[PDB]
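**Student:** Below is the structure I would like to discuss, written out as structure tokens.
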Amino acid sequence: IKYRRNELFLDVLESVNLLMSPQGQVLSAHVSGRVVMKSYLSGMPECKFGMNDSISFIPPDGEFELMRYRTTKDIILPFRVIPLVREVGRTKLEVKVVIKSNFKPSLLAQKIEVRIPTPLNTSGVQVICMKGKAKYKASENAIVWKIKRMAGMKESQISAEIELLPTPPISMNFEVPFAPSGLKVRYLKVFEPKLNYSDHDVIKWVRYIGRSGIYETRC
Amino acid sequence: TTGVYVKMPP
């Protein structure tokens, strides 16, 4: 147990879940998270973690999920989906959804995907989107609309047309650079009283990764 | 950036 380059990497992983109403009510929401700390420290130091709303320990040199929280109040909803459905005869279905990014322009949400579900009397789907790239997968049955990367606070609409046939909510997905829970690693004091390497002598690394689990929005 | 780490501000 002895390294020359002393580092450690804090992983704050999340999964923000949402449940909205066609109008705009947050019928349900919460986030589940665990913090993994990948370290390589010399000796057997007793640490001091920090954060918002601080567990002390002696890290199992290697990799170990420190704690694991699960907030439910005052949550950050990374995206804001808002659709518009217009009926006609029984021939066509007018549908326009719009996603919104609610975060610091200095951050890029990636791996975005909206799934606007169609009905079973579907004959053909037409769609246009100045941004992104979508298609109507008849098997899964929906208009998978994928987006490479999207900045924050910006807007983006996708207008489709479901050609009905004579005779569910829009799910979303996304990875982010920040933690929706609001959490934040304040400090991680590395202390091995035996050996000569200090705390402000270590290289600390921390990353925030928010995944979207159940981000459905009633149509 | 999504997996890129970042130095903490002690």
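Here, each number is a calculation from the coordinates, and none is a lab measurement. Methodologically, a virtual Cβ is constructed for each residue, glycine included, from the backbone with ideal geometry; neighbour enumeration extends over all protein chains shown.
**Student:** In the range A:176-206, what residues are out of contact with any strand residue (DSSP E or B) (no Cβ under 7 Å at 6 or more places or on another chain), facing chain B (nearest Cβ under 10 Å) and not in a loop (DSSP other than H, G, I, E, B)?
**Tutor:** A:200
**Student:** Look through A:114, A:97, A:144 and report the one residue that is of a type in the set (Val, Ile, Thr) and in contact with a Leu (Cβ under 9 Å, 6 or more places away or on another chain).
**Tutor:** Testing whether each residue is of a type in the set (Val, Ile, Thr) and in contact with a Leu (Cβ under 9 Å, 6 or more places away or on another chain) leaves just A:97.
**Student:** Does the range A:103-123 include one or more residues that are in a strand (DSSP E or B), acidic (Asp, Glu) and touching a strand residue (DSSP E or B) at 6+ places or on another chain (Cβ under 8 Å)?
**Tutor:** yes
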